[PDB]
Amino acid sequence: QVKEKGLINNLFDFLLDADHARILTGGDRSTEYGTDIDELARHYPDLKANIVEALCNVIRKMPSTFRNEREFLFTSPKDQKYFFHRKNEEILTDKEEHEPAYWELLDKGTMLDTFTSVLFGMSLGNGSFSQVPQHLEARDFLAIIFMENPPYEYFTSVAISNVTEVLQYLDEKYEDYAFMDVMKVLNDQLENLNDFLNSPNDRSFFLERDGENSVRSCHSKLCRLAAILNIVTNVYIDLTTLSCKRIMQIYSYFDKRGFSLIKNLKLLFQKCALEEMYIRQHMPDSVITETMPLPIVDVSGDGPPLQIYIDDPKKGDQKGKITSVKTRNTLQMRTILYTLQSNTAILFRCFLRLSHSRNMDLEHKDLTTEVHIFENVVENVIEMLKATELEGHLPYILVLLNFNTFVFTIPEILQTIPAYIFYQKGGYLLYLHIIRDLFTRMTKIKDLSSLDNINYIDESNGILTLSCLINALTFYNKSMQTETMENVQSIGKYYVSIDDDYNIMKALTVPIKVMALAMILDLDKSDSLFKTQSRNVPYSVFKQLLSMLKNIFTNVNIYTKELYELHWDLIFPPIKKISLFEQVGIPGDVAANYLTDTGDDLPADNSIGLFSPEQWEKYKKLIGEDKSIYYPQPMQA
Amino acid sequence: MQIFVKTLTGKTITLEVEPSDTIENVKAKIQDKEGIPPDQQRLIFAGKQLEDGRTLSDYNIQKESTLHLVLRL
Amino acid sequence: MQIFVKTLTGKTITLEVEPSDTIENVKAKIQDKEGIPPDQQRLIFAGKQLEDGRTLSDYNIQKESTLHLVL
Amino acid sequence: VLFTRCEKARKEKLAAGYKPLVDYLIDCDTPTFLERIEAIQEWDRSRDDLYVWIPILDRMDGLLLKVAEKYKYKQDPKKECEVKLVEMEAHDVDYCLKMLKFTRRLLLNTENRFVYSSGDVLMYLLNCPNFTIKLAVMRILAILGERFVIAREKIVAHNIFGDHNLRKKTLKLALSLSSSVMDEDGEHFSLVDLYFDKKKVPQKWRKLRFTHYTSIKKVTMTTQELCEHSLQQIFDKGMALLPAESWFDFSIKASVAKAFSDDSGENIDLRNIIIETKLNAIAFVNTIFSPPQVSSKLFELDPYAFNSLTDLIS
Amino acid sequence: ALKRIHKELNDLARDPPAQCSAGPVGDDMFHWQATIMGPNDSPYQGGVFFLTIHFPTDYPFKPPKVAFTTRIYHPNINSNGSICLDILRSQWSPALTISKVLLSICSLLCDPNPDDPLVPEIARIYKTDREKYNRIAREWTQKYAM
């Protein structure tokens with residue numbers, strides 16, 4: 001009777017009603033309900049099919065119940081503007097609650113909380129829920145997690161926690177069920193933000209567009225993206241979650257989908273930092289301290305983006321004293337930007353780590369893909385650093401330097417291969433230029449006694465300059481001591497057409513020392529670092545310089561005649577020569593075999609006879625005037 | 001035939017068994033429906049435990065008969 | 001009946017015992033299979049140390065039971 | 001109280017259903033609000049969650065303070081000054097009782113009462129020499145704390161049980177009178193006997209004799225003098241001969257003596273009020289003291305409490 | 001919670017970790033006694049440590065109370081037996097199992113957390129002198145764990 005009448009369908013259909021879902025409370029009770037349904041499935045295997053079918057049907061039906069319940073950003077009554085525009089503005093000082101709470105008051109909010117708790121309970125059962133991957137594609141499962149236009153607090157909610165547990169269970173059981181789909185969702189969401197990501201970098205996007213519906217649309221997009229990024233970083237791509245299968249999946253995704261994701265993430269972090277900086281430059285300081293996003297429920301604050309307070313953060317109780325519509329809008333915006341930046345930084349660190357987490361052996365294709373990912377990430381980081389000038393953007397530059405330090409380190413020791421690519425692309429020269437500019441700027445500071453009393457970080461120009469200089473010097477120091485660099489093997493792993501195999505870490509250590517010593521000598525020539533008759537540099541900066549000197553005068557057991565650029569396509573067997581052979585017509589396997597046998601040497605003549613007449617003509621035509629681009633080249637001074 | 005097993009720490013479950021089935025088969029089915037390993041399972045019928053080597057017909061367990069499940073350490 | 005005895009500091013073995021056998025008899029069999037005298041053997045099961053004066057029936061040790069040895 | 005986001009949302013949604021009731025008791029002026037709360041006697045529904053009544057409680061807590069500050073019962077920590085033994089006007093006594101009795105009724109017909117946050121208003125009003133207000137405050141305090149012994153833990157939002165001053169005041173109140181005494185004739189007299197004619201009130205209870213140590217300050221008042229003087233007059237007399245710290249204690253003993261000085265209707269009513277306050281104080285101290293502490297502090301000092309309690313419930 | 005504790009004990013019984021063992025105390029399934037063997041290449045290696053586990057009435061929705069009955073030397077472990085572990089304080093989830101808790105504790109034994117310790121003295125001596133910390137841990141284990 002139960003099977004025919006479909007009572008199992010009724011066991012789930014009530015979860016689509018807001019009242020019943022709220023009554024279930026979406027916690028403990030709902031988990032117990034899910035476990036009870038799982039036990040019902042277990043006791044009557046005849047009912048497992050019906051239970052799974054009902055669950056899939058309700059999952060498919062749930063998105064149709066979503067609707068635009070209300071609005072979360074409200075224009076100010078006085079000027080019809082969402083956000084402040086001047087540091088001297090006034091505050092309406094309403095009596096509303098200081099921090100808005102929308103998610104739990106929405107019908108879909110409580111509905112999703114309860115439904116995800118039920119799913120978490122069923123997963124805890126470890127019974128019928130294992131069969132949901134069948135006859136329910138992940139493209140439909142994700143349709144309920146990432147709904148359109150969620151509140152700013154959605155990414156931090158019970159629904160997201162339960163979804164994280166459920167997706168972790170599914171990933172552990174079904175490795176390739178949803179990872180590709182969620183990555184596609186993230187990439188598409190980033191693409192939809194093309195207008196916001198590609199906006200001019202000289203001004204705030206929101207403040208420029210303040211007072212228009214575009215602000216609300218972009219904020220909804222950013223909230224959805226924040227939820228997506230939180231899910232991605234908590235479930236799939238995490239240093240603790242980086243399994244061999246996970247790394248292979250990442251390689252496959254980047255191989256068959258391109259690297260637009262890396263550029264989009266770079267743009268996301270850059271624009272979020274720029275928006276935070278510019279917005280902070282137009283709000284009264286009281287609002288700045290009233291809308292600090294750091295105290296999120298489960299962030300812990302460690303890692304980027306760096307937080308630049310105005311009042312000492314060890315006092316507390318600084319939030320909630322003053323509130324207003326503009327204040328609440330600013331709080332929501334800053335929270336979203338902070339979470340986006342933090343998740344992007346975590347993703348970049350994971351991308352720079354990849355296989356080195358397990359030290360697993362890699363085939364040629366996997367190694368090439370890994371080096372390609374490293375190259376893309378490092379070039380994007382260097383572009384981000386180069387984009388903005390250092391004058392007037394000190395908070396943004398400080399955030400950028402902290403992000404660079406966090407990304408290029410292991411939870412710390414430098415990531416040797418990403419750092420090698422960073423050096424080859426001119427990153428360390430850029431750091432040296434930034435350090436010299438910051439030193440010249442520091443010499444202009446009126447007094448240095450205050451700089452030695454840095455209990456915290458402020459927006460003052462002097463303290464920001466000191467923090468930037470210290471961060472840059474620390475990053476430079478960490479790249480000169482072999483004790484704080486990942487011990488990757490010699491360059492022989494990557495190239496065969498080299499003069500001498502050298503250890504990558506020790507070989508890299510030399511040029512950094514040369515550059516640092518040259519910079520110190522140049523500073524001396526300016527009669528700034530030494531020869532002075534007064535304490536013209538704070539204690540921390542001089543301690544960092546002394547550490548740099550000590551490291552520079554430390555000995556390493558290599559000679560390092562010269563260094564070879566690390567290119568993904570030139571790793572033996574080089575992909576350039578193989579691609580040329582494929583263009584000719586020879587299969588890739590034959591090309592690789594010939595290259596291995598001949599020790600990475602082009603066929604000067606067809607005496608070997610493996611080129612057809614027409615193939616030989618095409619080969620001679622397509623080589624090009626220059627044959628040096630098919631071999632590693634030394635890195636210029 | 002169909003028999004019932006009452007878990008003193010839960011609900012009742014139904015088993016499709018035959019009189020010739022040994023107590024080991026019943027224990028395996030109970031594990032399948034609940035997950036308790038057979039060695040941890042103690043079965044009681046009419047106040048007397050049951051030996052794994054004997055069959056249901058030996059203990060005079062018939063259709064609709066309800067056994068009790070207890071666990072002992 | 002057969003019992004399972006894993007040596008945390010060594011290898012695993014299987015023995016044959018009876019319910020009435022005391023833990024001292026089990027330790028003697030462990031010595032015979034390995035050599036270490038009972039006084040030095042440390043027996044653990046269900047998170048509790050096993051006493052020589054006791055027996056399997058008192059400890060409710062069942063067939064195929066897995067015990068741990070520390071030596 | 002602090003609620004998780006889900007709990008706060010659930011509570012707000014639940015309270016949304018009581019909006020007509022809240023508007024009923026919040027959109028009216030003070031006299032109408034009083035005459036409306038005094039009309040809420042019986043509960044025709046399951047025990048409401050106290051959270052939905054927060055708007056009402058605050059309003060009441062707003063009014064009580066205006067009476068606590070008017071008579072200066074609000075003890076100022078910034079000043080070591082004590083509280084003068086000044087009685088409340090009958091109008092103000094009725095005004096405060098109308099709300100205290102309703103608070104009792106509400107706390108009886110609700111759960112999740114840890115949200116109750118007035119707390120300090122009861123502490124201030126306990127200083128009122130008038131014994132009706134003392135009885136009402138003690139009743140409310142006894143209903144509270146009962147949860148704190150049933151659960152023994154959990155956030156309470158008033159935590160007035162920790163204060164040692166309240167503990168001392170409650171212990172003094174519970175020890176007012178004695179459950180059993182040895183009259184001059186040598187015949188046992190228990191307070192229950194006050195409601196039977198088979199015995200006479202002991203002469204010890206009919207006279208006031210208070211002694212405090214700074215050097216020993218004594219106040220003695222015979223039965224005739226107590227009959228002549230009014231309660232406020234007795235408070236004024238004692239206040240002029242004793243240190244501030246002892247005043248509260250005296251305010252009890254004097255009020256007891258004046259109660260037993262004569263067998264008039266007002267004196268009988270005051271006797272009943274004092275006995276009820278004693279019982280409620282016993283109930284409260286039984287919930288904010290460990291069993292051995294209660295035995296060492298109260299029951300050993302008042303051994304005949306249990307027998308009187310059992311005799312009074314038939 | 002009984003249905004959950006039953007399957008937890010069954011999972012431990014089926015494939016118990018050789019590093020640790022546990023079971024009910026006096027047939028009170030909410031009270032468990034557990035045994036841990038010191039991790040290899042650690043100052044506590046070769047020892048035996050007893051722990052008492054109490055399961056809340058709302059298990060697994062609340063973390064179990066695990067206390068070190070046996071005296072031990074560690075920055076995050078107090079002599080009274082209280083444990084300072086993330087999964088038992090803030091990172092608790094119903095998905096976790098007692099076996100996973102035991103494995104995490106065993107890992108923490110050889111991987112202390114000086115930056116967030118429970119007893120300041122042990123953390124300070126650890127930071128100042130690793131060798132002295134190893135020596136004192138070895139001596140304490142020999143005194144009590146052995």
Side-chain angles (χ1 to χ4, degrees), chain A residues 66 68 71-76 80-85 142-143 146-152 154-155 182-232 257-283 293 305 326 329-345 347-348 376 379-381 383-388 393 396 399-400 403:
Chain A
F66 298 155
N68 209 351
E71 300 292 318
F72 316 100
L73 298 185
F74 301 108
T75 59
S76 187
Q80 323 305 345
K81 292 290 190 278
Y82 294 107
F83 322 99
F84 296 90
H85 281 0
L142 302 169
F146 311 132
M147 80 231 63
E148 309 297 339
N149 185 4
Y152 87 103
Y154 171 43
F155 73 90
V182 58
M183 293 301 287
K184 196 180 73 55
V185 158
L186 164 58
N187 190 42
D188 301 359
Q189 179 54 24
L190 282 169
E191 288 297 334
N192 282 354
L193 278 161
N194 167 89
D195 194 28
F196 163 76
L197 297 176
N198 297 113
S199 55
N201 289 319
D202 69 343
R203 84 207 72 135
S204 183
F205 172 91
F206 288 109
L207 303 178
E208 198 278 346
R209 272 162 190 73
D210 197 329
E212 324 311 303
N213 314 334
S214 84
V215 171
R216 286 194 183 178
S217 156
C218 184
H219 187 226
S220 40
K221 286 172 181 175
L222 290 174
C223 291
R224 193 172 122 89
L225 180 56
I228 291 163
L229 273 171
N230 266 78
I231 284 295
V232 164
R257 311 293 287 156
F259 300 89
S260 49
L261 174 55
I262 304 301
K263 179 169 59 48
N264 285 332
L265 284 172
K266 150 178 122 72
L267 291 165
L268 180 71
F269 186 98
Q270 204 192 13
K271 185 59 57 155
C272 283
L274 260 65
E275 288 305 328
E276 265 257 27
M277 182 191 75
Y278 288 133
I279 276 171
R280 280 179 66 115
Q281 285 185 355
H282 296 285
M283 314 161 15
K326 288 188 156 171
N329 306 0
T330 278
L331 172 134
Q332 298 172 35
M333 189 71 17
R334 289 187 76 203
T335 294
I336 284 301
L337 296 179
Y338 174 90
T339 179
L340 288 172
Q341 293 178 120
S342 162
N343 291 299
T344 302
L347 268 176
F348 266 119
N376 260 94
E379 101 186 344
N380 278 293
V381 163
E383 275 178 19
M384 197 186 330
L385 189 52
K386 275 184 184 171
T388 70
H393 302 357
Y396 168 56
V399 167
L400 253 181
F403 162 85

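These values consider heavy atoms only, across backbone and side chains, with no hydrogens, waters or symmetry-generated copies. First the proteins, then the strands, lettered A, B, ... as listed; each starts at 1.
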Self-check item: Separation between CD of A:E191 and CG of A:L186, rounded to the nearest 0.5 Å
Solution: 10.5 Å

Quiz prompt | Minimum heavy-atom distance A:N264-A:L197, with the two atoms named | solution = O-CD1, 4.1 Å

Practice problem: Indicate the atoms forming the closest heavy-atom contact of A:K81 with A:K326, along with that distance. | Solution: O-CE, 3.1 Å

Practice problem: Please test A:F155 against A:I336 for side-chain contact (heavy atoms from CB on, under 4.5 Å), starting from the C-alpha separation and ending with a verdict. | Solution: CA-CA 9 Å; A:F155 73 90; A:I336 284 301; 4.1 Å; yes

Quiz item: Taking the side chain as C-beta and beyond, is there a heavy-atom pair between A:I262 and A:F348 under 4.5 Å?
Solution: yes

Exercise. Taking all non-hydrogen atoms of both residues into account, name the closest pair between A:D210 and A:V215 and its distance.
Key: CA-CG2, 3.9 Å

Quiz item: Should A:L229 and A:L265 count as side-chain neighbours, where that means a heavy-atom distance under 4.5 Å?
Solution: yes

Quiz item: Taking only residues two or more places apart in sequence, or in another chain, which ones meet A:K271 in a side-chain contact (heavy atoms from CB on, under 4.5 Å)?
Solution: A:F196, A:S199, A:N201, A:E275

Exercise. Applying side-chain contact (heavy atoms from CB on, under 4.5 Å), run through A:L274 and A:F205 and close with a yes or a no.
Key: CA-CA 9 Å; A:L274 260 65; A:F205 172 91; over 6 Å; no

Exercise. Give the minimum heavy-atom separation between A:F66 and A:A143, together with the two atoms involved.
Key: CE1-O, 4.4 Å

Quiz item: Rounded to the nearest 0.5 Å, how far does CZ of A:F403 lie from CG of A:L400?
Solution: 7.5 Å

Exercise. Using side-chain hydrogen bond (donor to acceptor under 3.5 Å, both in side chains) as the criterion, list what pairs up with A:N230, not counting sequence neighbours.
Key: A:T339, A:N343

Quiz prompt | Non-neighbouring partners of A:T75 that pass side-chain contact (heavy atoms from CB on, under 4.5 Å), sequence neighbours left out | solution = A:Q80, A:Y82

Self-check item: Reported CG-to-CG distance for the pair A:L340 and A:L222, which is rounded to 0.5 angstrom
Solution: 6.0 Å

Quiz prompt | Partner set under salt bridge (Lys or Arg N to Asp or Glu O under 4.0 Å) for A:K386, not counting sequence neighbours | solution = none

Quiz item: Atom CG of A:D188 and atom CG of A:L225: how far apart are they, to the nearest 0.5 Å?
Solution: 11.5 Å

Exercise. Taking the side chain as every heavy atom from C-beta outward, state whether A:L73 and A:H219 have any pair of such atoms under 4.5 Å apart.
Key: yes

Quiz prompt | Counterpart residues, side-chain contact (heavy atoms from CB on, under 4.5 Å), relative to A:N213 (two or more places apart) | solution = none

Quiz item: Of all heavy-atom pairs between A:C223 and A:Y152, which one has the smallest distance, and what is that distance?
Solution: SG-CA, 3.5 Å

Practice problem: Check the pair A:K266, A:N376 against side-chain contact (heavy atoms from CB on, under 4.5 Å), reporting the backbone distance first and the verdict last. | Solution: CA-CA 10 Å; A:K266 150 178 122 72; A:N376 260 94; over 6 Å; no

Self-check item: CA sep, side-chain torsions, deciding dist, call: A:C218, A:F206, side-chain contact (heavy atoms from CB on, under 4.5 Å)
Solution: CA-CA 9 Å; A:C218 184; A:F206 288 109; 3.6 Å; yes

Quiz item: Where is the tightest heavy-atom contact between A:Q189 and A:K221, given as atom of each residue plus distance?
Solution: NE2-O, 2.9 Å

Quiz prompt | Distance (rounded to the nearest 0.5 Å) between A:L193 CG and A:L268 CG | solution = 7.5 Å

Quiz item: Heavy-atom distance under 4.5 Å between the side chains of A:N380 and A:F259, does that happen here?
Solution: no

Exercise. Output all residues satisfying side-chain contact (heavy atoms from CB on, under 4.5 Å) with A:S342, sequence neighbours left out; order by chain, then residue number.
Key: A:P305, A:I346

Quiz item: Is A:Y396 close to A:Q270 at the side-chain level, that is, under 4.5 Å between some pair of heavy atoms?
Solution: yes

Quiz item: Quick one: are A:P293 and A:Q341 in side-chain contact, heavy atoms under 4.5 Å?
Solution: no

Exercise. Report yes if the side chains of A:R334 and A:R280 come closer than 4.5 Å at any heavy-atom pair, otherwise no.
Key: yes

Quiz item: Quick one: does A:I279's side chain get under 4.5 Å of A:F83's, heavy atoms only?
Solution: no

Practice problem: With rounding to the nearest 0.5 Å, note down the distance linking NE2 in A:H282 to CZ in A:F84. | Solution: 13.0 Å

